[PDB]
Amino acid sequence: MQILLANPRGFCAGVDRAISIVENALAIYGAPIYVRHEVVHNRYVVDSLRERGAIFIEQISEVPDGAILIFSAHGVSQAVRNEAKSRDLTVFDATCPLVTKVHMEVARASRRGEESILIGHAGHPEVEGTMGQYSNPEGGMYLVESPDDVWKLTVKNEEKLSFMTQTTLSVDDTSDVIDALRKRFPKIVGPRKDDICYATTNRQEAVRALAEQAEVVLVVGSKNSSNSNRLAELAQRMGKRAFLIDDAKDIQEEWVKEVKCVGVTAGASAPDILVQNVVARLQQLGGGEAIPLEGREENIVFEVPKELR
């Protein structure tokens, strides 16, 4: 059995920064460090940081006074930010620079009383944070997931309309949504393409190349990782069996019995150690040395704030 590795895969620049923010805070101030929501959507990363004295909480009311609080990589609403700022808290913000960029555009639209449409998935924390940058009642902020959602959306002034996207969407599906928005609202304004980050784009491109060669694709990442789910979905839609797995224990032997080529990738929040262990398990089940596929170069790093060095 041939084992192929997608490239690129695993940690992005936002995740690496957010994790270091928590680690460095723990190293500088000791435990406990409070973190709002899972810092990134990976069980292993979260369980680790929890074992080292990070405390994860869904609401700021759970956090005690005088504490250090960190915002997760997914970003937070103005409301949440103001609720933290108005209390006895030292705040560090692990929100990804590429989410912040989108937030800044929503905030601008809010200041102009000009309506904005977000493409994304209801209930996801990035969506809550991004929608939560819009406060002006004279405009409006709308969420669409599909072309059908676009087909039933009505806005107050479609002459003054802009759109934004979640960072971790399917590139292909998002393209269909934007085509719809432009047919329904010809004057809508947006970025050149969308707000899908380089890491999401690159991992989807990489898993396409992988699924072209592999019969079965394993995607390392947690169930609540949106970007990981898109990788597995992309593979499946290409007609390959694909499985989202947290770690090597989830691999069921039937999945790779009599499979000549298995591919492995990882979402943006999945540490490389999990991939290494997955590969060790596949090798127990017959696989050879893992062959990395040739990949688009990634070179971006985001530094921690100077105060957390």
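Note that residue numbering begins at 1 and tracks the sequence as displayed.
Legend: mean Cα B-factor per stretch from the PDB entry, 85-93 versus 231-239; the higher mean is in 85-93. Relative to one another, 26-34 and 267-275 have unequal mean CA B-factors, and 26-34 is the one with the higher figure.
Comparing the C-alpha B-factors of 170, 100, 135, 146 in the entry, the top value falls on 135. By the numbers in the PDB entry, the CA B factor is greatest at 80 among 164, 178, 80, 161.
Sorting the modelled residues of the chain by their CA temperature factor places residue 260 in the highest third. For residue 295, the recorded CA temperature factor ranks within the middle third of the chain's modelled residues. When the modelled residues of the chain are ordered by their C-alpha B factor, residue 40 lands in the lowest third.
Residue-level temperature factors show residue 202 in the lowest third of its chain, judged at the C-alpha atom. Annotation for residue 189: C-alpha temperature factor in the middle third relative to the rest of the modelled chain, per the entry.
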